[PDB]
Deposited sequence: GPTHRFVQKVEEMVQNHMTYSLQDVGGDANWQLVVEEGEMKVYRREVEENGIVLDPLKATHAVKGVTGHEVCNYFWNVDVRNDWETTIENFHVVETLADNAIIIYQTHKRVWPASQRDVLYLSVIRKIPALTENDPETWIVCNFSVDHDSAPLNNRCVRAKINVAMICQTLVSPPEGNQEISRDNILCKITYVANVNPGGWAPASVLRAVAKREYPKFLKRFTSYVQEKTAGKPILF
């Protein structure tokens, strides 16, 4: 029990309720990029001239479990192995064995100002109660030990990586991880709409391919962690 436990539970339950829903039959979501089972959608949303476009993607990744996908997404010690858009990050606070608060700065995308972010990152298993599900939620929080960074505008995020595992002695050949990934990012102040939209459209599919291939590579030949 840390001070965020109730907020974590609300965020995780909202994602389980609303984020997991299939959007294939929902014309409100625009399917923007498809590469096999990887499907990336957005809604075009602006608030006060600032792009907020919600992002939602699904993927089906052979040979890894939801638990493993979530561990590698959450574990800061492997972060620099797959992340390509981060300049710096610092763990600000350790709340629990499954929850931390992170500060990070993103590489600048000309001509917009650099952004930074301050967020809680939590990894949770949700029992079947139906598949079991593993979820990582990353969502912005306020913290006193946030640095002064005069180069950066503070973005706010609510991201979840939600994973369900299907299985046919069990082999990697017989396992598939189904991922739903959602990201709602407020860039904080102004940035050109065309730039934000092009960064999203490029960087989200690149991340999902890169990150899922990395998990496949790191786990192959290791005992399966369900």
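- Numbering the deposited sequence from 1, one finds several regions with no C-alpha coordinates, namely 1 to 2, 132 to 134, 174 to 179.
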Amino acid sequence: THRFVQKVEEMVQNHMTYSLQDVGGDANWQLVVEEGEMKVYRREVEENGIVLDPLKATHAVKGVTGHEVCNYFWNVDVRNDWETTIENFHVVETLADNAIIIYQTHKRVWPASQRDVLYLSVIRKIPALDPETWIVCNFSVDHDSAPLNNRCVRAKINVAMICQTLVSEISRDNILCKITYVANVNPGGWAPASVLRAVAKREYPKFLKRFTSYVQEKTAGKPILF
From here on, numbers count along this sequence of modelled residues.
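What we label the rigid core is the largest C-alpha set whose atoms superpose within 1.5 Å from one form to the other.
- When the other structures are laid on the shown form by the rigid core, the stretch among 118 to 126 and 141 to 149 with the greater C-alpha deviation in 8 other deposited structures of this protein turns out to be 141 to 149.
- When the other structures are laid on the shown form by the rigid core, the stretch among 48 to 56 and 34 to 42 with the greater C-alpha deviation in 8 other deposited structures of this protein turns out to be 48 to 56.
- Stretches compared: 183 to 191, 156 to 164. Higher mean C-alpha B-factor in the entry: 183 to 191.
- The stretch 213 to 221 shows the higher mean C-alpha B-factor when 200 to 208 is compared against 213 to 221 in the entry.
- For the set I126, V122, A146, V91, the maximum C-alpha B-factor listed in the entry falls on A146.
- The maximum CA B-factor among the listed residues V136, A99, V109, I102, taken from the PDB record, is found at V109.
- When the CA B factors of the chain's modelled residues are split into thirds, the value for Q30 lands in the middle one.
- Ranked within its chain, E47 lands in the lowest third, by CA B factor from the PDB record.
- For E169, the recorded CA B-factor ranks within the highest third of the chain. Only modelled residues enter the ranking.
- Among the modelled residues of its chain, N150 has a C-alpha B-factor that falls in the highest third according to the deposited record.
- Placement of the Cα temperature factor of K178 within the chain: middle third of the modelled residues, per the deposited record.
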